[PDB]
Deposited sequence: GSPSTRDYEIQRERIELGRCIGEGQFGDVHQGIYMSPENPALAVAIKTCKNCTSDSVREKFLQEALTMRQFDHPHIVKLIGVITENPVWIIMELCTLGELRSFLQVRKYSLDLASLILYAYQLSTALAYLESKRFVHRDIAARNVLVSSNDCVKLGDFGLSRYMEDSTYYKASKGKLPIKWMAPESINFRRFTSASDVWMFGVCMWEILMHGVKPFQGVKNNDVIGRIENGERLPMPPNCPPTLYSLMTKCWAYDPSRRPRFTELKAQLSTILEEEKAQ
């Protein structure tokens, strides 16, 4: 909460590195004893307390976590203009990174990002925290072998129970991770491209699933289809996913 208060003069604003829900995201420097590279989330309408509460809720959420593959909260500036200071992931959005590098990223690197993500999600499951929005767009790239989970209606990523009843559980997070894994092996291509959101549920309920991505190991696809069990109680947990992705990665790093 308040132990994360940073005074503004300890922050040098830099160039705009993208956009967020509340305002522009900036690169910048945080000076305090060694002047570190950071991401400054801004909020244009934060003069209104209802917006301010919603915006600073991400800071409140992220304070609770400490993991190598979850974006770190550095601090907050509660006075106007309200800012959220975070760890900078220089390579940006995963979706864009995967697209740009479609012919410059091997299978091993793709499986590695899936593995890394499963470790952040196993950690969140251990804290009994439900993410509700696991998708490639919410993953950031720190380096070419280090991705981070960054965000704290996506019908095409949602488990049927989330669509039908707005139920969000650890099981529904596993479904979304399966979709995210598919997005990674499909080089940032969006799931169900061409299908209307309202027709997705009907396809799922007819047993229809996202196809095997080209060059995807059938063992990795078998893991994804397990995430897409209609019955949430039949889906694996992140602990098992992490362990299986770990073995799949070695099965690739060798041959």
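Of the deposited sequence, the ranges 1-4, 38-39, 159-176 have no C-alpha coordinates according to the record.
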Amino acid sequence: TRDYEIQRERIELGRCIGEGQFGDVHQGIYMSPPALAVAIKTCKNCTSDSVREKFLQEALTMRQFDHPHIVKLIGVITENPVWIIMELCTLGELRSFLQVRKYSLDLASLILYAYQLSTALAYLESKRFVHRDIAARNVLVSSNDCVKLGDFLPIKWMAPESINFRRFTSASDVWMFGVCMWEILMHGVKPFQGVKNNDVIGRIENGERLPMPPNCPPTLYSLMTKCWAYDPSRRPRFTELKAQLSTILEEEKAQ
From here on, numbers count along this sequence of modelled residues.
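Whichever C-alpha set is largest while still superposing within 1.5 Å between the two forms counts as the rigid core.
Larger average C-alpha displacement in 9 other deposited structures of this protein, relative to the shown form after a rigid core fit, is seen for 34-42 when comparing 221-229 with 34-42. Displacement analysis by core superposition in 9 other deposited structures of this protein ranks 17-25 above the other of 231-239 and 17-25 in root-mean-square C-alpha distance from the shown form. Comparing 120-128 with 78-86, the stretch with the higher mean C-alpha B-factor in the PDB entry is 78-86. Across the two stretches, 190-198 and 42-50, the PDB entry reports the greater mean Cα temperature factor for 42-50.
Per the PDB record, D151 has a higher Cα B-factor than any other of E161, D173, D151, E183.
In this entry, the residue among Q27, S222, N215, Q64 with the greatest C-alpha B factor is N215. When the modelled residues of the chain are ordered by C-alpha B-factor, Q99 sits in the highest third. Sort the chain's modelled residues by C-alpha temperature factor and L91 lands in the middle third, per the entry.
Among all modelled residues in its chain, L13 ranks in the middle third by Cα B-factor. For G207, the recorded CA B-factor ranks within the middle third of the chain. Only modelled residues enter the ranking. When the modelled residues of the chain are ordered by their C-alpha B factor, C146 lands in the middle third.
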